[PDB]
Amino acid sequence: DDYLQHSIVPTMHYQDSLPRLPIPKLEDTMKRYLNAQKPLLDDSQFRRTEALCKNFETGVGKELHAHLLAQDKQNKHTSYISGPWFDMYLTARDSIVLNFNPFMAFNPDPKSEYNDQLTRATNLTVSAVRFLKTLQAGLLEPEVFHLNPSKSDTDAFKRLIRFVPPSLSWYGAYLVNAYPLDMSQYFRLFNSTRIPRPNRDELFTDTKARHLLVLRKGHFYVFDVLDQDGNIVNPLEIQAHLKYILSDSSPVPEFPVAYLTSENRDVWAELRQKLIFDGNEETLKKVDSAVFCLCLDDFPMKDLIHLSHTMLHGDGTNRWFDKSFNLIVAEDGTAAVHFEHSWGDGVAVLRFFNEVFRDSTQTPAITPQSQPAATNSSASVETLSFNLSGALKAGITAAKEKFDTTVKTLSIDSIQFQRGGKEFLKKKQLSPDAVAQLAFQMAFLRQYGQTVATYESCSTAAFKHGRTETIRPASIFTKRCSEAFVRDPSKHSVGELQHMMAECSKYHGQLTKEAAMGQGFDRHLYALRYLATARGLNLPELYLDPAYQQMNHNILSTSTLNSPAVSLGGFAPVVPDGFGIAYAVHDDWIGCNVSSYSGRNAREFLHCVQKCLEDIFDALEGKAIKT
């Protein structure tokens, strides 16, 4: 059939009974805020911040918190953070390229010949539409984090829990140490896009649409991937239509419209209004409502750096950046997903990514020897055309200028550290995640001499409409440990260094568990600030403190995930003087993909990260420190 999964348990089965996202006590939030400030501030700075926190906790902060609790009690169907968080990204006026949109790249098909461009674009597209159908039919297995898979992730459990009424089902999972996740964002994977509007953008979805959008050399094509009965179009016909598009010989347009999706949102909002005034509403609606955007690039990947640049931003002509996601397939079959950040936290993208990789490689729709259907693709594929005024052509030229200058300032580098990974670190009783984070702190101290604001994302999707919470990896323990390794490397014994790493690991574990349970401080303080500003209050003094600004100017911005489908991921720094650090600790090795703008150097930072990991592993093995 048209489904890539046949879940015994309905996809949304746990959604009605997910626990409510907790709001921390204000006293706990202020202590945690101060703990994270300790390694960042000097003594006088810290004293001033401590005084502000005291005043906040007994003054306006106590009143904002009371209002927050009352609001949350009235809005028990949702979380306190979800709305304010969407609002933050949709109101932001900055370009979504680099600033917000990340990418994940697929591993190749292990069967070499299946990485032909036409073959792979066909197989990935068909698997993606099979995912759409599976999700819509409620046949996708619910998202569930298992602590004890042998007891919870079985057919016996599934056949039972399906009969448990939706209002009790979460408790059933809880009893076997399994934690169902929120899935309310998943629908925006398909038929969805971000529409630029003055002041605040909007998210648009049309679940009726049946066509795919394809971009090639800056030209837009659409054709049906679902038929009038809602069944997936014959994969050999999809192959024919993609062959037709690949055979187009038209050169890149003089004014490629895709450039506009990279603009400042107020600029793009106005230009889109001009496009509609000039009669392009029907064409825009076809772009907005397509199942997703498939991008066929007409060059192969030279190496991992070229790959990262291509998938993170490309050349500006061949991505519709507003779309929920862009599925990109290069001439050598290299494939990735570039996605718009505002519509969700990315867990849906990872689930999509994983199922599509599995389905397209284990049960591919077509083979490299498959002959395309005998169809008349000129009748079934529409080539879109935009009526462009003189004002629009000038806008596209201006958009291209801004895009080209910015993109040129970005550098990217990667490393594959093959000395060891999770297996070794676990034998040493350390958290592998804590060890990676320690290495970044150590590298920054060694190369730049500072301890700086550091961000690590953590999911709060165990809760109803849960989102993310910030783990703050820069602690008094990592600062102490980094200084031990770096300032005078021969100073401490290996036993002392092992003890210090064990402290970092223990504390990082505590912060991780707290964050996953909604007990970080960042979202709580953000929600109080949002409540103040929404009610037109003067910003409380806590938020005017340079320390607060510094804590939210994340020089080290990091993210990780674990998946056999993902070759690497990437994202640009979130501040001009920052790094964007994507990493993964595998069983036997560690990978990092780091971006920087002109003010820093990603490759040089990874020289240092490599040195720091060698140091850490040496000490763990009981070897004397060496250069």
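In this text, the rigid core denotes the largest set of C-alpha atoms whose superposition between the two forms falls within 1.5 Å. Residue indices: 1-based, along the sequence shown.
Peer 1: Quick one: core-superposed, which stretch strays further from the shown model in 6 other deposited structures of this protein, 340-348 or 299-307? Go by RMS C-alpha distance.
Peer 2: Farther from the shown form on average in 6 other deposited structures of this protein: 340-348.
Peer 1: Core fit done; bigger CA RMS in 6 other deposited structures of this protein for 482-490 or for 411-419?
Peer 2: When 482-490 and 411-419 are compared in 6 other deposited structures of this protein, the bigger C-alpha shift is seen for 482-490.
Peer 1: Using only C-alpha atoms and the B-factors in the entry, which stretch averages higher, 222-230 or 321-329?
Peer 2: Of 321-329 and 222-230, the stretch with the higher C-alpha B-factor average is 222-230.
Peer 1: If you average the Cα B factors in the entry, which is higher, 78-86 or 154-162?
Peer 2: Stretch with the higher mean C-alpha B-factor: 154-162.
Peer 1: Sort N552, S167, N191, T334 by C-alpha B-factor from the entry and give me just the highest.
Peer 2: Out of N552, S167, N191, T334, the record gives the largest C-alpha B-factor to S167.
Peer 1: By the entry's C-alpha temperature factors, tell me which of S308, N199, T261, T119 sits highest.
Peer 2: In this record, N199 carries the highest C-alpha B-factor of the candidates.
Peer 1: Comparing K133 with the other modelled residues of its chain, is its CA B-factor in the lowest, middle or highest third?
Peer 2: Its C-alpha B-factor, which the entry lists for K133, ranks in the middle third among residues of this chain.
Peer 1: Could you place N562 in the lowest, middle or highest third of its chain by Cα temperature factor, using the values in the record?
Peer 2: Highest third of the chain for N562's C-alpha B-factor.
Peer 1: Among all modelled residues of this chain, ranked by Cα B factor, put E483 in the bottom, middle or top third, i.e. lowest, middle or highest.
Peer 2: For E483, the deposited C-alpha B-factor lands in the middle third.
Peer 1: Consider only the C-alpha atoms of the modelled residues in this chain, order them by B-factor as the entry records it, and name the third containing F187: lowest, middle or highest.
Peer 2: Answer is highest: the recorded C-alpha B-factor places it there.
Peer 1: Splitting the chain's C-alpha B-factors into thirds, which one does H241 fall into?
Peer 2: Lowest third - that is where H241 ends up once the chain's C-alpha B-factors are sorted.
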